[PDB]
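Residue numbers (my numbering), protein chains in the order written: chain A, 1 to 551; chain B, 552 to 1102; chain C, 1103 to 1150; chain D, 1151 to 1199; chain E, 1200 to 1297; chain F, 1298 to 1346; chain G, 1347 to 1395; chain H, 1396 to 1444. Each residue gets a CB set at the ideal place from its N, CA and C atoms; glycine is no exception. The structure appears below as structure tokens.
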Amino acid sequence: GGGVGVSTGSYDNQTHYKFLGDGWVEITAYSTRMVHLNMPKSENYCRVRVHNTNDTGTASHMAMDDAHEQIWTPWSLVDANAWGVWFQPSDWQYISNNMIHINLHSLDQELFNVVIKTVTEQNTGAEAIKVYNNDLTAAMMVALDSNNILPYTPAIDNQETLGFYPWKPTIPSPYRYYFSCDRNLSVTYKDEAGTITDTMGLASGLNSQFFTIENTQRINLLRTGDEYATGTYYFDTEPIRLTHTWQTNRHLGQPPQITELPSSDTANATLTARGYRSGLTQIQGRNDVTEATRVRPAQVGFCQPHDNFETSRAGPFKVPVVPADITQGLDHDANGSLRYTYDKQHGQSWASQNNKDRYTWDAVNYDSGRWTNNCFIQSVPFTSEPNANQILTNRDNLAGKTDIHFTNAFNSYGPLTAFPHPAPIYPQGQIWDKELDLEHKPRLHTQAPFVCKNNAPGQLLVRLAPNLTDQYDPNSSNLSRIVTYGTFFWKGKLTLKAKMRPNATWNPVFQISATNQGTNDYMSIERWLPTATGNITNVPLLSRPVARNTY
Amino acid sequence: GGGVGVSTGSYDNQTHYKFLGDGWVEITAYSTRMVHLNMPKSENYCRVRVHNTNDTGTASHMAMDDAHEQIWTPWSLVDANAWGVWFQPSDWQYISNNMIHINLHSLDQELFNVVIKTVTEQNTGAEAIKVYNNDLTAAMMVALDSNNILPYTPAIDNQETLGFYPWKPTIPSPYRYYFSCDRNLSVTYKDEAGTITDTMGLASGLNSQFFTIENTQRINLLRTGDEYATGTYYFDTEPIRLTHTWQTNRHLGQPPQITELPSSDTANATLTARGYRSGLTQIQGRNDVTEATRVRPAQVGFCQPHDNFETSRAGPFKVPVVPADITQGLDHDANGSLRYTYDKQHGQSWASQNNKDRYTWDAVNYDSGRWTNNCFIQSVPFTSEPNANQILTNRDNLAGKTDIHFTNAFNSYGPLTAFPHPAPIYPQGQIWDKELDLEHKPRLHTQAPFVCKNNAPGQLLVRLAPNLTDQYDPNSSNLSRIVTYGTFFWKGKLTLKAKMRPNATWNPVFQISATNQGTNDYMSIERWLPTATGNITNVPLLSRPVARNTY
Amino acid sequence: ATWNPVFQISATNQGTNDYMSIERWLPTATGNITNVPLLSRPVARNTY
Amino acid sequence: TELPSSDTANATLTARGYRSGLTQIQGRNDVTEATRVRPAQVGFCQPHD
Amino acid sequence: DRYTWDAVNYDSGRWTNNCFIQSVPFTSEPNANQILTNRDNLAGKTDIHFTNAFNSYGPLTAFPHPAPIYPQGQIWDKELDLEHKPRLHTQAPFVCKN
Amino acid sequence: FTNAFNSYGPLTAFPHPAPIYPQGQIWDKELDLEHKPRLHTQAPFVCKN
Amino acid sequence: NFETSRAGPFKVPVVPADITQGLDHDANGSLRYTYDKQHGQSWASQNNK
Amino acid sequence: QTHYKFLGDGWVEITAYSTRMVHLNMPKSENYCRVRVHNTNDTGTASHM
């Protein structure tokens, strides 16, 4: 049944575990939120452009160019995709510690207890008071995109996904998508004589796509007694591994054989002289086998062009860089460490006066990192003790430029390269992503662990059907309408598959553990606890605590 | 089920295609709108007349006479008939390009989510604020005319049909129909001494028809939980052809045989001398066969009296002229090119300051056009090189009048005449029409491609049942009542039949294609895209891109 | 699914110099014929 | 931030210092349309001739 | 008769002159020494620039499969018998698997 | 430049290297990483699972 | 080329390919084995490997 | 001539027939030959590689 005065759904946020057999777990995560929806600020679609004359007009500022072209819509999307939505911090600890790999299974979603209210103002004498009252006949439009016709638009990009706190209400992300303006921009250094083109092109007859929610899809009209239920969507994806790899290229294979065991705990072991050592190496003209030059099964990780900007018709952009360990060289960019900026709803702390809170995610998987300053290329024919001209060192200048070194432009990717798939991030991390429709596809998307093979889960779009006053002129440029807002509950169920880790190691494994307050380490428990006034903060948890044997 | 707080319908505007077999397509077009209905400005029927003393009082202004007699009704009609309602511009492109002929099949309609609200004013001190609130007990009257008892009154005539934009709300057209006043008016030229009768007659006992919605039809009363559904109406109509004909009367049949192929690409071919040529001609006393005078199977298109005004009892009116190609003579009227005037809702642009936007539709089907200035009649017995007195040329004066020429009054229509049926127009075009009840019927209606053979689809009439105050005097001349307005959704489904075009031609066919902005051609894509502020414009698309072989 | 009209391959009148001028797909007086590359993939697509 | 007033006017965005997003650049607090993280590289530079 | 086929798929193109590499640690408004610009000389050679020898292909790279050409285009091709095979042949849209 | 230059791309095809009768390795185990090399260098055969 | 992760500097592998008439072994990644009498060598050889 | 057929929703079977008259000449040599082209003129001068 249903109707006004009868609630159409229930609130379940709790997470469940079930053991299907040996090592297997079915993780069923419920999540529910109250969502606050405002009447759209314009009833009609708009094609708008941002263009920076101030930033890009001055020389050398290219990196900050924001210029693009977008289609603004009245619709808003409820985006359930982040890790921080589905799990509470302890459930993330329990999973990160105990399980080798995890995989997505199904997703369900529902909307219920729709409530639309209207606002009037009185009496305007002294100070106005705003009176709130229901419209029982009003409705809310709801459209799900099953076929992914519309441009796929993850909200986590801007951190607009549903809030991470069950008890706080949350808001939708207004739906919008790109349009093709064909920007032109020119390259300069800090102080340079000349001009900068900095122009944007006219609309393209070939490339112009304009989509409309109403034309594209079926819209459900939900009044207070109505409820909407998405069917069960089943993921097809590859599981991801929850245990990090420590094992470098130089740790692969059989170690050399030591001559004899050391006498005392301080003493170092010794090896057969490199001249007489037996092994396999690709160096020519020298009779040696040494731990550095011996042949390894594959390359682990690879050098990458870093802080390079490639420019197609759209404009300059930094190409992605696969997340890899930061070596002791501390250099973040060459290894592609992610850096998030996020608000109080998703993170930060309610005590913080700053507008946003920022965190750099330094990758685990210590095997694939690259120290940039210590990488070097050596001349052929090979020689021990190269003179300066026989070795390519990072300290030298490239093209006569001081701060540009070969490791900037150098690219090692090849058939022999192996790297681990990067890791999920509990708050602020993206759970899944849609695969690009191109024929030749990337081996991984950079931000998202899971990539739906065929068809991604559909986007869920909502808006308030307009409430019109007595006077409505369809030809009028301006539209007067009744101030209106609404609220509704969103409930969803995400099922997962995971497998317990075996532990064969003698020694204790590393684990995620809370720590007493008063010591400054990252895990101090005060940060997961409320304050006196209720200010709460939610910070990224390390993932993949447990080591793994690569080879 | 149903009730307050439970929505009675769904919103589907999308268009579907299905392939029934070889070449056949079933096009199912859904369309949906939000409709804004105001309480009628008078509760009772009225018989009113407009009579121009100012326009027609002065001499020679006859063409602008507006005088008529009409029955004004409180009811309003929801009129779904235009092409611009059902299809989006791309769906019109896809159909116009790929299909030879299309035909109507069925029509469905529904009304749901009725919402009635009332308006009060307070406190009138400082500035008044208008408070809006529901009447859950109020109802809306809905009457469909299945039997076409009432005068058939297409709203597109005045461009009052439902708006062409799915996301913008739209308004009904107030229902009204003609009544017979028997006007009298006299003919004068620009400055002339005399008087003009310019009178209108008394009501006629023979000809007076006064219809009332309540007496005529069954009315459904719809409250907020109620919904109304029209049955399925099935068209009986003849399909229309979507491919234009280029083939003139002089392109019919077998060409003459050339003597020999030309030597070079510049050289013209030569034909057997006209004295010796073999053929068939109706000219007498001359031994010739020439491409102009040879006999053709039929006349393609025909000369027409153009800008003639015939006057029955009602008054002077211009008789219609079948749409035909405009020849290189550019003359629009002789070939009957349609000219539309329409508003922002149906067209125009929201940026335009003008009240209306006007477009002249120049007919495709290049075969049937008539250059007026170059048509001529020649004396009998026929002669080559006629002296001035043997030929009737358009340049000569008729009846001693300078600008009146024989091509004005000349009428070629005969048994041998063949012409193509004119073409649909995506915005502003009328889909169907009802056939006149006269015994001897026209071969085509001029504006509408489809004409329902027996019984046209019914007219859908709606009004708000009156809300009365506490004081109601049935004998009072004036009626006070509660200010009331309402909104509801209209949804309809139009199924079509169409057939894919075969292409036997070597060369590429002409097609409707978008074009880059910045060039001024009619198809520049900017015109189908929103502006920054949301201003959108919708302009007529060419139809029948593909050529066809007449004979 | 797009509102606006899609781009299409279309012949064009002779006398304008654009690549699609129809004269190029038609024979000459002496029969000389020319066949030139046609654009492919006229219709835009949504990558992501 | 808001819809533009007239068809000529350009829209404006949240200041790059305060913008929320994801980028791989280090040591700078910004999010700008050029440096933000994208799912994959589309096309690639190539040794040519 | 000669014709240059300019690829459609406007997404994957590269303007060469405007591609640049920037030094680490990153900085806004790089001075000349912090940025690698196409205009500079490589190995002291005038017309040789880094974009000539630079190769971006990596795991993150996605590109569309090129397009057929109505006259003069090759319909199919045979796949090389090598063990490790190219992801696409350049001229031919279709490549027979076996 | 041939020292640091890397031509590997989508168009690249190469034969799988060859076994060596004495001193050659018959098989090898595949690394447990998610994204795996197309071949191990020394060993002709690589056990899938 | 020698790339260095946390473990230390190491030469990255190079797929075996033909040595061209340029005789250059390293660029084409030609394998070089060192082995003892048990697996090879000769029992007459005085050398260790 | 070329034919089209619609197998269902959205699917088309395109069947293209083509036919030609072919003109074959007696081969200019009855036996196999192993021939080489070598440019002394083009490649002899510098830079023409």
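Distance CB(residue i)-CB(residue j) smaller than 8 Å
| i | j | result |
| --- | --- | --- |
| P316 (chain A) | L185 (chain A) | yes |
| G458 (chain A) | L104 (chain A) | no |
| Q835 (chain B) | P937 (chain B) | no |
| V131 (chain A) | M500 (chain A) | no |
| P420 (chain A) | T1338 (chain F) | no |
| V4 (chain A) | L136 (chain A) | yes |
| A875 (chain B) | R801 (chain B) | no |
| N475 (chain A) | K895 (chain B) | yes |
| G84 (chain A) | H346 (chain A) | yes |
| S208 (chain A) | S180 (chain A) | yes |
Under 9 Å by beta carbon: chain J residues contacting residue i
| i | result |
| --- | --- |
| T1338 (chain F) | No chain J is present in this structure, whose protein chains are A, B, C, D, E, F, G and H. |
Straight-line Cα distance separating residue j from residue i
| i | j | result |
| --- | --- | --- |
| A138 (chain A) | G776 (chain B) | 12 Å |
| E1152 (chain D) | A1083 (chain B) | 11 Å |
| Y729 (chain B) | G2 (chain A) | 49 Å |
| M34 (chain A) | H16 (chain A) | 21 Å |
| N52 (chain A) | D307 (chain A) | 22 Å |
| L222 (chain A) | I213 (chain A) | 17 Å |
| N215 (chain A) | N549 (chain A) | 53 Å |
| residue 1106 (chain D) | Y175 (chain A) | This structure gives no information on residue 1106 (chain D), because the portion of chain D shown stretches from 1151 to 1199. |
| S1424 (chain H) | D1276 (chain E) | 30 Å |
| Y596 (chain B) | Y472 (chain A) | 24 Å |
| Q1271 (chain E) | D333 (chain A) | 46 Å |
Under 7 Å from the C-beta of residue i: neighbouring residues of chain B
| i | result |
| --- | --- |
| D1157 (chain D) | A902, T1082, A1083, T1084, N1086 |
For residue i, the nearest candidate out of the options (CA to CA)
| i | options | result |
| --- | --- | --- |
| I482 (chain A) | A:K493, A:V85, A:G3, A:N38 | A:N38 |
| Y785 (chain B) | B:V576, B:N1006, B:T1056 | B:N1006 |
| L1128 (chain C) | B:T750, B:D816, B:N603, B:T609 | B:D816 |
| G1405 (chain H) | B:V555, B:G553, B:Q565, B:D573 | B:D573 |
| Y340 (chain A) | A:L20, A:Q254, A:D157 | A:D157 |
| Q1110 (chain C) | B:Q644, B:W912, B:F853, B:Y1023 | B:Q644 |
| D616 (chain B) | B:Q896, B:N1018, B:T862, B:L803 | B:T862 |
| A63 (chain A) | A:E439, A:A423, A:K190 | A:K190 |
| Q981 (chain B) | B:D606, B:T559, B:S900, B:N632 | B:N632 |
Partner residues on chain C for residue i, Cβ-Cβ distance less than 7 Å
| i | result |
| --- | --- |
| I149 (chain A) | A1103 |
Contacts that residue i makes with chain A (C-beta to C-beta distance below 9 Å)
| i | result |
| --- | --- |
| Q1176 (chain D) | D331, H332, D333, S337, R339, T360 |
| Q639 (chain B) | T212, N215 |
Contact test: residue i Cβ vs the ligand SAM heavy atom, cutoff 7 Å
| i | result |
| --- | --- |
| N365 (chain A) | Although the ligand SAM was asked about, the structure shown includes no ligands whatsoever. |
Where residue i meets chain C, residues with beta-carbon distance less than 9 Å
| i | result |
| --- | --- |
| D437 (chain A) | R1147, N1148, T1149, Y1150 |
Neighbour list for residue i in chain B, Cβ cutoff strictly below 9 Å
| i | result |
| --- | --- |
| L1153 (chain D) | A1083, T1084, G1085 |
Closer than 9 Å at the beta carbon, the chain F residues around residue i
| i | result |
| --- | --- |
| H440 (chain A) | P1307 |
Neighbour list for residue i in chain A, Cβ cutoff strictly below 8 Å
| i | result |
| --- | --- |
| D1180 (chain D) | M64 |
Please give the ranges of any beta strand (DSSP E) in the region 440–505 of chain A, keeping only runs that are unbroken, at least 3 residues long and fully inside the region. 450–452, 459–464, 484–500
What residue ranges within the region 935–1000 of chain B form continuous alpha helix (DSSP H) runs of no fewer than 4 residues, ordered along the chain? 957–960
Runs of alpha helix (DSSP H) wholly within the region 621–672 of chain B (minimum 4 residues, chain order): 634–637, 640–649
Kindly provide the ranges of any alpha helix (DSSP H) runs that are 4 or more residues long and lie completely inside the region 191–270 of chain A, ordered along the chain. 213–216
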